[PDB]
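Down below is the structure, laid out as structure tokens.
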Amino acid sequence: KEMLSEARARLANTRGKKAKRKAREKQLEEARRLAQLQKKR
RNA sequence: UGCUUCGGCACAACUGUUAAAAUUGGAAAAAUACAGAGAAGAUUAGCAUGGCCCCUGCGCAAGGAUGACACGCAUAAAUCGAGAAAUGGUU
Ligand SMILES: [Mg+2]
Ligand SMILES: [Mg+2]
Ligand SMILES: [Mg+2]
Ligand SMILES: [Mg+2]
């Protein structure tokens, strides 16, 4: 079963990791922008 | 200073980016914290390509993580007509 699950994952995956950083990083930046706008308010 | 009919002539001819400043602004770096690496399973050699990306180098070398980046994540609708049927107006 661990072999079959390793197989299933490795047969599905074509991505890389930093795309995950991507959206999260943009959200972080957006949050920072919102905080700055609030400070300006 | 010559020459002087001693009256005067002659010669010589325009420095300074002008600051001992004043601002004035833009800069690399440092720490901090962030976060922290190609290829397809993993681990790994690279050589490229493109340019409003550079750095080191005397460089038409070589290197910088294959220097980096890009590299697609294609929520890139790459999109629509054929026909029967059937229903709607009008006679
Ligand atoms: Mg190369
Ligand atoms: Mg090189
Ligand atoms: Mg190496
Ligand atoms: Mg390169």
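Each chain gets a letter, A, B and so on, in the order its sequence line appears, and its residues count up from 1.
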Rounded to whole angstrom, note down the [atom1] distance from [N] over to [M].
N     : M     : atom1 : result
B/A40 : B/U44 : P     : 15 Å
B/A42 : B/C47 : P     : 23 Å
B/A29 : B/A48 : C1'   : 34 Å
B/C80 : B/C73 : P     : 26 Å
B/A35 : B/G26 : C1'   : 28 Å
B/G67 : B/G38 : P     : 13 Å
B/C55 : B/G36 : P     : 27 Å
B/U75 : B/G83 : P     : 35 Å

[N] - base-pair partner by Watson-Crick or wobble geometry, distances under 3.5 Å:
N     : answer
B/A62 : B/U56
B/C9  : B/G2
B/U75 : none

Legend entry - Hydrophobic cluster of A/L11, others only, ordered by chain and residue number, side-chain cut-off 4.5 Å: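 Other cluster members: none.
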Legend entry - Exceeds 12 heavy-atom contacts within 6.0 angstrom, atom NZ of A/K17: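 Result for NZ/A/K17: open.
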Going by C1'-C2'-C3'-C4', which side is [N] on: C3'-endo/north or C2'-endo/south?
N     : answer
B/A85 : south
B/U87 : south
B/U79 : south
B/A39 : north
B/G83 : south

Glycosidic conformation of [N], syn or anti, with 90° from 0 as the boundary?
N     : value
B/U4  : syn
B/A74 : syn
B/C9  : anti
B/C6  : syn

Evaluate the stacking of [N] against [M], requiring that the six-membered ring centres lie under 5.5 Å apart and that the ring planes differ by under 30 degrees.
N     : M     : value
B/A21 : B/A22 : yes
B/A45 : B/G46 : yes
B/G51 : B/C52 : no
B/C69 : B/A70 : yes
B/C58 : B/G59 : yes

Could you pull out every donor-acceptor pair under 3.5 Å between side chains of residues 1-9 of chain A and any protein atom, sequence neighbours left out?
none

Inset, instruction - Please list, chain by chain and in numerical order, all residues satisfying side chain to side chain contact (heavy atoms under 4.5 Å, CB included) with A/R41, sequence neighbours excluded. - result: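 A/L37, A/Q38.
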Inset, instruction - Could I get the full list of side chain to side chain contact (heavy atoms under 4.5 Å, CB included) partners for A/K26, not counting sequence neighbours? - result: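 A/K26: side chain to side chain contact (heavy atoms under 4.5 Å, CB included) contacts with A/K22.
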Legend entry - Partner check B/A86 against B/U32: Watson-Crick or G-U, both under 3.5 Å: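 No, neither Watson-Crick nor G-U wobble.
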Would you tabulate the pairs of protein nitrogen or oxygen atoms and nucleotide nitrogen or oxygen atoms of nucleotides 38-45 of chain B closer than 3.5 angstrom?
unit_1, atom_1, unit_2, atom_2, d
B/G41, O4', A/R10, NE, 3.2

Would you list the protein and nucleotides 33-36 of chain B atom pairs, both N or O, that sit under 3.5 Å from each other?
unit_1, atom_1, unit_2, atom_2, d
B/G36, OP1, A/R21, NH2, 2.8
B/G36, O5', A/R21, NE, 3.4
B/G36, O5', A/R21, NH2, 2.8

Determine all donor-acceptor pairs shorter than 3.5 Å in which one atom belongs to a side chain in residues 27-36 of chain A; sequence neighbours excluded.
unit_1, atom_1, unit_2, atom_2, d
A/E29, OE2, A/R32, NH2, 2.7
A/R33, NH2, A/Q36, OE1, 2.6
A/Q36, OE1, A/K40, NZ, 3.3

